[PDB]
Each structure stands twice: as structure tokens, then as C-alpha cells.
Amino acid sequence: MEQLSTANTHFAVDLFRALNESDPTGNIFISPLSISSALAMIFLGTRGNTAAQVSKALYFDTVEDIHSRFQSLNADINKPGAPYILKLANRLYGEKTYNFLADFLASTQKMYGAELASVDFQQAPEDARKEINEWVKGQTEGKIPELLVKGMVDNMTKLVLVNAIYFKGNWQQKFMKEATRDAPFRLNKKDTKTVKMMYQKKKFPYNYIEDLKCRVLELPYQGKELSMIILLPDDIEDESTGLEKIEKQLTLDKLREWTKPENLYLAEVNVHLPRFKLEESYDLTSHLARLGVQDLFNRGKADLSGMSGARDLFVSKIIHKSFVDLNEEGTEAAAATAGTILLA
């Protein structure tokens, strides 16, 4: 999993940096793995400079046997019998009347577990939209009920590639509801808003990053196969959120050094953490173009002939929706990414 996780994490960091450039102070919440999965399925059908752009920006070109490694990753993430709910699912919706290459379809099905659903984009794009949305809603236990809004698909849509990811796990160490009190959350040096602050003191993997004046905490979920990692500046010491120096030097390399299990030590920690819930929506198309994924979205330049043998398709939009609810018991998190492919 070595090469693939490094690649996926490098992309995660690049995409967070791009989103931060558009919004340096608001809440941000994404599933990087969900986005990398949708783009890995698209990459199967791309050729030429379109493919080269996708593999460079997504770091797929740094992974030997990329699609085989993803296949193994999906098998592990979806393993049955775990003490938490974790689902990562892929699906293809194709226009009924459209012809796809056999090898493209066989590979997305074998490597990504994506089965092909045949829908009527040409005569009934609304029914098709609602079918896609119902599937994502079902995969995310209702948390992403309308991934694609009116106008996202029309009678010219030929293919929609969809990834949904869902997680619900209890904390290894739960907070007691009775210790949760109203407390002030400082947005910056002088605005304050009241939050429900949860409290517990327990031994957790921990570190203070001396040179960044930042604390790192790991909060295991039940089973310890997933953890939440939190990076918290010692104080708000800049003219916005307090995170500016961390975000400034966020790299694959530093993120790894800060949060590596080997670099955390068990400490008895007083944890105050707000109870919170985020629902976010992104049109990733322009952010991805800024990252170097250009021909893919360009009607005249896109090479998707791996999907139908001709340069007649392009990707109009990649959209991402996400959800997280963090409380005393644990965390329920969901996301879904759709890439819409239209006739060029």
C-alpha cells in the first residue's frame, strides 16, 4: 500500500492547498480518497496528453500497477466483519444507446468494482439524475441525498462515474455526554462563538511539534484500524484562524513526519473538542484545472478514446459533496464524487 497511499496523500495535500487558496478561513471538508477513486476510473479511459495530465496531478504515475493496488485497497476498506461501518463503492451510469469499449468496462468492474447501470440520459435525464442520486443517498445512509442537482446531467450526458464513501465508527474512548458544556470557540483573535465542548482525560498518542508550536492528537476509533488525527496550533497567533503557518508548510513530507505513529507518544491528555457537523459542496472542475488537469475538461482537446475508441467525449464537471457529524459516541462521515462525461 506504500506507493499508492503516498500518491493519494500527496494529491490530498495539493487539493487542500488549492481549496484553501479559494477560501482561507471557512470550513473545508473533503474525502480525498473518494476524489482519487473517481479520477482513477476516469484515468482508465483517458489517452494521450489528457492521461498524462491526470496521472501527473493525481500522482498515479508514481505507482506501479496503480489499478491493481487500488483493487487491493478497496478489498481491505470494504472487508466484512469489522467493528465499524466503512463502505467505498463505485458505479458507472451510461446512456442506454451508447457504445463503450469492452476493455474499459471490464477494467472498471474488475479493478474498482464499478458495475454499469444503463440509464436514459437522452430521453429522460431527470429520471437518470434521480436514479444516480438515490444510489448515492443509499450508499451514504442518507447523508448525501442529492449529489447532482438539476442541470448537472442533460440529454447530452453519455457517462457519469460515481464514487461514494461512508464511515461510522464509535470512539475507542467515548466522551461522556454529561461532561459536555457550552464554551467559547475563537474563530480568530477577536470573534467568538459558543460551541458544545466535549471533555475527557485519557491516554492518547500525542505530540507537541516544538518548531511549529502545534499539538497533534490521535483519537482511535473502535478496533483501531481508523483514527482521527487533529493538528491544533498552540494559540491563534496570526491575523486569521491561527492555522496560517501550518497550512503554509503543509506537504506530504511534513504531514507524514507530524502524524506518523512512530512520532506520537502515549500521554495523559485533557481533550476539549467541539461537537460539530459539516456539510460541504464543491465544484472541483476549476481547482483540478488549476492543478494541471486541463485537456480533460476541454471539449476540443480531451482524449477519452479509451472509453469508446473515439475522441468524442469530454468531462464537463467533477463535483464533490461531503458530510461529517462528530459527537460523544464517534463520527459519521460521508462523501461522494461524480464526473459527468458529455459528447464533445
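All residue numbers refer to positions in the sequence shown, first residue = 1.
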(request) With reference to the PDB entry, specify whether the mean Cα temperature factor is higher for 173-181 or for 250-258. (result) 250-258
(request) Between 229-237 and 103-111, point out the one with the higher average CA B-factor as the PDB entry records it. (result) 229-237
(message) Using only the C-alpha B-factors in the record, can you name which of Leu92, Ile132, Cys214, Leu217 has the highest?
(response) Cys214
(request) Quick one: which of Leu266, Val119, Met198, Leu73 shows the highest Cα temperature factor in the PDB entry? (result) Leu266
(message) Taking only the Cα B-factors deposited for this chain, tell me whether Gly223 sits in the lowest, middle or highest third.
(response) highest
(request) State the tercile, meaning the lowest, middle or highest third, of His67 with respect to the CA B-factors recorded for its chain. (result) lowest
(request) Within this chain's modelled residues, let me know which third the CA B factor of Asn8 belongs to: lowest, middle or highest. (result) middle
(request) Within this chain's modelled residues, let me know which third the CA B factor of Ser308 belongs to: lowest, middle or highest. (result) highest
(request) Within this chain's modelled residues, let me know which third the CA B factor of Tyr206 belongs to: lowest, middle or highest. (result) middle
